[PDB]
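To start, the structure itself, in structure tokens.
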Amino acid sequence: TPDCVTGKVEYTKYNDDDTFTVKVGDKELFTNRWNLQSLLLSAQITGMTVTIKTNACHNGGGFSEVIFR
Amino acid sequence: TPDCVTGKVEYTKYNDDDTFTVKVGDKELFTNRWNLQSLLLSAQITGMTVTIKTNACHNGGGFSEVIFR
Amino acid sequence: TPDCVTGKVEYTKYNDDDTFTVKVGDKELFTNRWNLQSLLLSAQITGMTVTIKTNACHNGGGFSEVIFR
Amino acid sequence: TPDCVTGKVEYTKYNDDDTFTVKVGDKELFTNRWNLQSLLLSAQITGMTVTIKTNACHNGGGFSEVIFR
Amino acid sequence: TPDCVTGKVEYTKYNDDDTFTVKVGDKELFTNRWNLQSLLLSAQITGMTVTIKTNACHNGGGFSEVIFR
Ligand SMILES: [Zn+2]
Ligand SMILES: [Zn+2]
Ligand SMILES: [Zn+2]
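Chains as they are written, first to last, in full-length UniProt numbering: chain A, 21 to 89; chain B, 21 to 89; chain C, 21 to 89; chain D, 21 to 89; chain E, 21 to 89.
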């Protein structure tokens, strides 16, 4: 799966459908993996850099693969 | 769904019906989404700023959408 | 529901019947709400002040409502 | 149940039989309560002191009761 | 179980099959124990040294035993 975007988490969002949105770089992407919610919030609080991998590399795209750096 | 209130989590409360209350700004609001319990506590402990989105923007109003900043 | 006790969590205990006990102030109280187990352990680890609300305000009393501050 | 050992959680281990072993002090003990796993992992990562209670207070003995301090 | 690698967590990756990969030393290893995900992320964040134990000590090997030092 290609790199989609790399950077700090600017904000995260819990959505009404119970998915979890992240804003990294210039993209808003969401995931439906419940386990990623607390990992992504920790990344955000402590200021880690993340790399989101997905074929759906556009606003409102979904992802399931993340690299924390 | 529109912004209701933005600020630090002043306290949280586990309720008898297994919902979870947060006080943000001058409002107490609650959510029935289990996943938000641990995120909201972490946001409180680490002192994040949250934005709660809901139309029920009054004491005792419910929400399911939150932005963590 | 009236306040019973406010303070830091001195210790917590996992019991054989899969309930969870906390000692706050001079009271040991228990909850059978699984959701509170991880929330109370976090409050203990991070040094939060908790207020336990219950009508059974005596040693060995049960509760299901907590305020985290 | 009597106190068996008090100390920090030195390490943890998922066994083939779906039980969970911890080493506290000079003892490896195991539990089959799933709920206790995540509490013990949290105790382990944050360096809490635990007291394990069991009357099979020897290597390979089981427990279902824990005090977290 | 024999030691495989000891070192700092260089990065972690959440995978599409919901497993979690860590890079320690010169090895990428993964675990299917979801409870270990937040512990491994914390290790990465705080810069702890971990020892991973497995008898599959190759890139792409699986592990379930970790020691946090
Ligand atoms: Zn791929
Ligand atoms: Zn009440
Ligand atoms: Zn007993």
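We put the beta carbon where it would ideally sit given N, CA and C, even for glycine.
With a cut-off of 9 Å, does the C-beta of residue i fall near any C-beta of chain D?
i: residue 87(E); result: yes
i: residue 59(E); result: yes
i: residue 33(C); result: yes
Of all the CB atoms in chain E, is at least one closer than 9 Å to the CB of residue i?
i: residue 55(A); result: yes
i: residue 21(A); result: yes
Inspect the beta-carbon positions of residue i and residue j and report whether they are closer than 9 Å.
i: residue 71(D); j: residue 29(D); result: no
i: residue 61(E); j: residue 62(A); result: yes
i: residue 32(C); j: residue 87(D); result: yes
Does the beta carbon of residue i sit closer than 9 Å to a beta carbon anywhere in chain C?
i: residue 66(D); result: yes
Does the beta carbon of residue i come closer than 9 Å to any beta carbon on chain B?
i: residue 63(C); result: yes
i: residue 41(C); result: no
i: residue 69(A); result: no
My understanding is that residue i touches residue j, with C-beta atoms under 8 Å, so please give their C-beta distance in whole angstroms.
i: residue 35(C); j: residue 85(D); result: 6 Å
i: residue 57(D); j: residue 83(D); result: Wrong, their Cβ atoms sit about 13 Å apart, outside the cutoff.
i: residue 42(A); j: residue 27(A); result: That pair is no contact at about 10 Å.
Nearest to residue i by CA position, among the options, is which residue?
i: residue 37(C); options: 42(D), 55(D), 43(D); result: 55(D)
i: residue 68(C); options: 80(C), 46(C), 79(C), 89(C); result: 89(C)
i: residue 21(B); options: 74(B), 83(B), 81(B); result: 74(B)
Counting contacts by CB-CB distance shorter than 9 Å, is residue i in contact with chain A?
i: residue 46(E); result: no
Check the Cβ-Cβ distances between residue i and every residue of chain F, and say whether any is below 9 Å.
i: residue 23(A); result: This model lacks chain F altogether, as its protein chains are A, B, C, D and E.
Q. Near ligand 2, which residues have their beta-carbon closer than 7 Å to a heavy atom?
A. Chain order is used for the residues whose beta-carbon lies nearer than 7 Å to a heavy atom of ligand 2, namely 36(B), 21(C), 73(C), 85(C).
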